[PDB]
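Heads up, the thing below is written out as structure tokens.
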Amino acid sequence: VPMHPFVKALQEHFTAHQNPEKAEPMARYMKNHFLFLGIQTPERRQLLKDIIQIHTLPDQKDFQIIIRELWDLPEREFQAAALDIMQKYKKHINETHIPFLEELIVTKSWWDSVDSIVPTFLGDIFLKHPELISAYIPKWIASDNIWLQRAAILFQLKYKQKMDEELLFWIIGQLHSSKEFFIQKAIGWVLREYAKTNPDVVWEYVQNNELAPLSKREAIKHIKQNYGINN
DNA sequence: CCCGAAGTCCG
DNA sequence: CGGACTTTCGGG
Ligand SMILES: Cc1cnc(N)c2[nH]cnc12
């Protein structure tokens, strides 16, 4: 069975505009976990738009197929384009897609893909269906996979006043002893972000609960101005 | 335009 | 450890 023609067309068009000179630093930035074609986001977006204009966006019946086929291509720009394409099918994504999104998180995993899946696609799903959080979050925290652990921390990133504080702090408590940078930093990020909504609660939490030094420092990067730094 | 959100390099 | 500094991206 041949590659979906939309994916084949995207692959041809991206490859025709590859930049090996830019690809080397782009790959280094991701610690050489991936090959790159060397195409940065503004051009990558336009090349995708070109193919949509010529071929049209595929029927929704092929949405998951398109994403998987792009996920399986070696160069990282194809996963970035896959995420761009998933946004175009946003109105068709629902709670039944959580396992599909899980599988994207744990394949070709790095912060650039995971941080574009979790606070947006998964965040929106669990905002609408909070009763499903406990069907996934405990497993993610218990898993050996640091990207599922990061997903548990960051899916509420953008919730603002809809933040479940008890849940957030319970999740952070479960993961606060992790020595993994991407967990310590995720804890720092979600606390820093939620502090924009409720600084008093974040300040009290970080002053009175154990956190990795990196997590605490990132959490209070801004709000330490509001409370001061005691001698 | 601005500002706020991984990486290297150094003490 | 944390500060200083870097480019790239998204949002205002
Ligand atoms: C995630 C992140 C944070 N801070 C910066 N100054 C960055 N530059 C590029 N990505 C960045």
Side-chain angles (χ1 to χ4, degrees), chain A residues 14 17-49 75-88 90 104-105 108-124 127 145-151 153-163 168 172 175-199 202-203 206-207 210-231:
Chain A
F14 280 20
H17 292 271
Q18 68 182 127
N19 184 329
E21 294 94 333
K22 286 195 181 189
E24 185 170 342
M26 287 173 77
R28 243 189 294 112
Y29 187 59
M30 303 306 183
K31 298 271 180 77
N32 292 115
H33 292 305
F34 312 104
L35 299 180
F36 276 77
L37 291 176
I39 308 173
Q40 293 177 303
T41 296
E43 184 175 12
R44 199 198 66 240
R45 293 252 159 87
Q46 181 61 50
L47 297 175
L48 171 60
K49 182 175 182 180
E75 292 87 3
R76 191 53 161 176
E77 289 93 344
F78 293 114
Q79 289 93 68
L83 292 169
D84 286 344
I85 289 162
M86 197 159 67
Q87 186 59 39
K88 295 178 184 305
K90 179 70 171 177
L104 292 178
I105 286 165
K108 307 292 195 79
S109 308
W110 204 238
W111 60 263
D112 59 324
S113 55
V114 173
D115 294 351
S116 286
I117 296 161
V118 170
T120 47
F121 294 98
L122 282 170
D124 287 346
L127 199 54
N145 191 293
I146 61 170
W147 303 104
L148 291 177
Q149 296 166 17
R150 184 160 170 121
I153 296 162
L154 293 177
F155 79 93
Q156 299 190 96
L157 179 68
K158 301 164 64 176
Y159 280 14
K160 297 182 174 180
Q161 297 204 266
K162 296 181 180 305
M163 179 69 75
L168 177 71
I172 291 171
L175 291 166
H176 83 272
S177 292
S178 177
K179 297 184 177 66
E180 169 59 54
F181 167 89
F182 286 115
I183 299 309
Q184 295 183 4
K185 187 62 171 299
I187 288 165
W189 187 11
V190 77
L191 287 176
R192 197 197 312 114
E193 188 68 16
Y194 186 52
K196 300 179 183 176
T197 295
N198 198 335
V202 173
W203 183 257
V206 302
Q207 293 311 322
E210 292 190 339
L211 293 172
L214 169 64
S215 300
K216 181 176 183 178
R217 188 202 335 137
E218 291 294 338
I220 66 172
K221 174 150 56 178
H222 304 304
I223 64 169
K224 67 182 165 58
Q225 271 59 238
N226 303 99
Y227 301 101
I229 309 299
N230 301 333
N231 294 280

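We use all heavy atoms of the structure for the numbers below, so side chains are in, but hydrogens, waters and symmetry mates are not. Letters go in sequence order (proteins before strands), and every chain restarts at 1.
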For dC9(C), does either OP1 or OP2 sit under 4.0 Å from a side-chain N or O belonging to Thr41(A)?
yes

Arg217(A), nearest nucleotide to its side chain (from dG7(B), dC9(C), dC1(C)):
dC1(C)

To the nearest angstrom, the CH2-P distance between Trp189(A) and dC9(C) comes to 16 Å

Going by the angle between their ring planes, with limits at 30° and 60°, are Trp110(A) and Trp147(A) parallel, tilted or perpendicular?
tilted

Atom pair distance, as rounded to whole Å: CD in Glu24(A) and P in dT7(C)
18 Å

Considering only side-chain heavy atoms of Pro213(A), which listed nucleotide, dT8(C), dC1(C), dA6(B), is closest?
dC1(C)

Side-chain N or O of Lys22(A) less than 4.0 angstrom from OP1 or OP2 on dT7(C)?
no

Report yes if at least one side-chain N or O of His33(A) is closer than 4.0 Å to OP1 or OP2 of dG7(B); otherwise report no.
no

For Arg28(A), which contact category applies under a 4.0 Å heavy-atom criterion: base, sugar-phosphate, or nothing?
nothing

Ranking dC9(C), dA5(B), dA6(B) by distance to the side chain of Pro42(A), first place goes to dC9(C)

For the pair made of CD in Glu77(A) and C1' in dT8(C), what is the distance, rounded to whole Å?
13 Å

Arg76(A) side chain reached by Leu35(A) side chain, heavy atoms, under 4.5 Å:
no

On the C1'-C2'-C3'-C4' criterion (positive north, negative south), the furanose of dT6(C) is north

Tightest non-hydrogen contact, residues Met26(A) and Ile39(A), listed as CE-O, 3.6 Å

Answer yes when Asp124(A) and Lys158(A) have at least one side-chain N-carboxylate O distance shorter than 4.0 Å, and no when they do not.
no

Sugar-phosphate only, base, or nothing, as touched by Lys158(A) at under 4.0 Å among non-hydrogen atoms:
nothing

How many Å lie between CZ on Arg76(A) and P on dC9(C), as a whole number?
14 Å

Complement of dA5(B), any strand, by Watson-Crick or G-U distances under 3.5 angstrom
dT8(C)

Select one nucleotide: of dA6(B), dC9(C), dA5(B), the one nearest the side-chain heavy atoms of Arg150(A).
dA6(B)

Quickly work out the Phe34(A) CZ to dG7(B) P distance and round it to whole Å.
12 Å

What's the CE-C1' distance between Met26(A) and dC9(C), to the nearest Å?
11 Å

How close do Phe34(A) and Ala27(A) get, counting heavy atoms only, and between which atoms?
O-CB, 3.6 Å

From NZ of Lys185(A) across to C1' of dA5(B) the rounded distance in Å is 9 Å

Please find the pair of heavy atoms, one from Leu127(A) and one from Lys162(A), that lie closest to each other, and give the distance.
CD1-CD, 3.8 Å

Could you check how far CD1 of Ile229(A) sits from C1' of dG3(C), rounded to whole Å?
14 Å

Side-chain atoms of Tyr29(A) come closest, of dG7(B), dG4(B), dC9(C), to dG7(B)

Side chain of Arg45(A) only, please: which of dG10(C), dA5(B), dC9(C) is the nearest?
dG10(C)

